[PDB]
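> 3D, please:
(chains A, B, C, D, E, F, G, H, I and J)
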Amino acid sequence: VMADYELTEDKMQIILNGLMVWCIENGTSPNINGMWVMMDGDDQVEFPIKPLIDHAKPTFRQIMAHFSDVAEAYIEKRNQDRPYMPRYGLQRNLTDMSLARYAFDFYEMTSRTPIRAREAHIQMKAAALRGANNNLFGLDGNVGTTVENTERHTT
Amino acid sequence: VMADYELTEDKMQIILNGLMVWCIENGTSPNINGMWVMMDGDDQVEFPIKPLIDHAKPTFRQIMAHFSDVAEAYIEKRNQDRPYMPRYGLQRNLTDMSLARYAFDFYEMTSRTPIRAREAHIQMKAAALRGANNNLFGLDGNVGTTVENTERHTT
Amino acid sequence: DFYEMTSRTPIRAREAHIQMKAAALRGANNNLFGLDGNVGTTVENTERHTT
Amino acid sequence: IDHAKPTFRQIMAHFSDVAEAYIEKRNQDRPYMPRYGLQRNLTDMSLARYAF
Amino acid sequence: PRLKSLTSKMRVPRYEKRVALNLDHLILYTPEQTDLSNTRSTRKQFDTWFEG
RNA sequence: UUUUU
RNA sequence: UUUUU
RNA sequence: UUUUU
RNA sequence: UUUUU
RNA sequence: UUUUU
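Residues are numbered from 1 along each chain as shown, chains lettered A, B, ... in the order given. Dropping the coordinates below:
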């Protein structure tokens, strides 16, 4: 990224802090297009997508698995002020306003964590999947519906 | 080309930048005639074709395979503004407005790229072909329907 | 026909919204492609007629 | 090519594990995949090991 | 903090090394799509019909 | 490898 | 055994 | 993400 | 392990 | 803790 956006600065600190949020409120997959944006007061200075994705060797979740507790405390605060809930449950119909803590697309389970919420995490994980298959292969390139003739036309 | 159009300039930078576009919006084959053109405001200063084709040793795709990511970001921007889609799918009936990214006539697959769009790329590649054959030879030149007589007429 | 769910909203009506959403759909498929343009049922002959 | 009695694969069958470790390293750095699957549509980034 | 779409470190062709060919002043070029095609004819032809 | 108007 | 561009 | 006449 | 838009 | 029309 440092080669891409040409900062020569640790402002990328602030940038990636931005990327946390659009990463949160919406899905996580290579199958993304459009843009994203954050704000500065009332402004909406936009930003692109792709090279933050085409330039990691494992996937996007496998890199963002770090940024766990920061957004955790984030939602703790701004939920303590007001009844925020994220997107990912509102499509999947959570019930408890308390259990916003783990309505993420991504997380890493650890041995410091409660019992109850695990159930919703895993059930709502797998059941939120369906239908899409491993379905390995697409189709091959060598597509000659016929063989070369290897002859000659003459009068 | 530098011998042809006699610039003594890196304006050919801008020219070839033009050639990107007419190269994009339409097919790529030796079987081309007519002209092409770009604009300057509201003007339509035209330009010819052939010597950009008769003067490369492998084919035209095999040279334009470079210019990949430039037009990629191009369409990213001007699609982000407005619902552009190119030609090549509109003849082949794409469905998703998002997947304009790879409705080209040409591209080089790489190991930084998604899974999904590959399917449409290859399927719509080969199925967009049909009927035209390897069909090597045309016909030969030595066409004497008869043999010389090698005689004489006399009274 | 349309709405955006938010975190200020009740529990009950969500059920009817989503059930009546998806069940009001049926049958219509993703069904990507139509058909292609290059439709030559034959190949050019590339010959000549003479007497 | 014109100077081996059996074919080219039948000689290059030696050089197996060297390029194997090669791709192990330079894949471990970065998400390389070779050509031969990208024409044939592999799926797993892990399974570059045998897209020869 | 703001920036632009196009870049310079991108992988791009090169006549010689220092040269970058797709000159990055092309921010402003988006005429009508159909207006550029071959499926529509040219303005000159459109004139000469209208005059003939 | 070629062959996508 | 050959035949994988 | 799309697909609700 | 992947697959959660 | 929620769930009392």
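> residue A:102 - how many residues pack around it?
19 (other Cβ atoms under 10 Å in any protein chain shown). In this view, the C-beta of every residue, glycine as well, is placed from N, C-alpha and C.
> how near is it to RNA strand G?
Residue A:102 is 47 Å from RNA strand G, where distance means Cβ to the nearest atom of the strand, to the nearest Å.
> residue contacts, that residue?
Contact analysis of residue A:102 by Cβ atoms under 8 Å, 6 or more residues apart in numbering or on different chains lists A:117, A:120, A:121.
> same thing but at 7 Å, please
Contacts for residue A:102 (Cβ atoms under 7 Å, 6 or more residues apart in numbering or on different chains) come out as A:117, A:121.
> show me which residues of stretch A:82-97 are buried.
Using 16 or more other Cβ atoms under 10 Å in any protein chain shown as the test for burial, stretch A:82-97 gives A:84, A:85, A:86, A:87, A:88, A:89, A:90, A:94.
> looking at chain A, which residue is nearest RNA strand G?
Closest contact between chain A and RNA strand G, by Cβ to the nearest atom of the strand, is at residue A:142 (4.4 Å).
> what helix or strand does that residue sit in?
Using DSSP states H and E, residue A:142 sits within no helix or strand.
> list just the nearest of the buried residues of stretch A:82-97 to chain D.
Within the buried residues of stretch A:82-97, proximity to chain D (Cβ to the nearest Cβ) peaks at residue A:88, which comes in at 25.8 Å.
> now the closest one: closest residue in space, sequence neighbours ignored.
residue A:103 (5.0 Å; Cβ to Cβ, 6 or more residues apart in numbering or on different chains).
> ok, stretch A:123-142 near chain B or not?
Yes. Legend: contact between stretch A:123-142 and chain B by Cβ under 7 Å from any Cβ of the partner chain is shown at A:138, A:139, A:141.
> buried ones in that stretch?
Buried residues in stretch A:123-142, counted by 16+ other Cβ under 10 Å: A:124, A:138.
> for the residue nearest the centre of chain A, helix, strand, or coil?
Ranked by distance to the mean C-alpha position of chain A (Cα atoms, centre = their mean), the top residue is residue A:28 at 1.6 Å. Put simply, residue A:28 is coil when judged by DSSP: H, G, I helix; E, B strand; the rest coil.
> wait, doesn't it sit right on residue A:105?
Yes. Between residue A:28 and residue A:105 a contact is recorded at 4.8 Å, counting by Cβ atoms under 7 Å.
> and residue 15, what element?
Just so you know, I chose chain A. Residue A:15 belongs to helix A:12-25, assigned by DSSP H and E.
> what's the distance between that helix and the middle of its chain?
For helix A:12-25, the distance from its own C-alpha centre to the chain's C-alpha centre is 12 Å (Cα atoms, centre = their mean, to the nearest Å).
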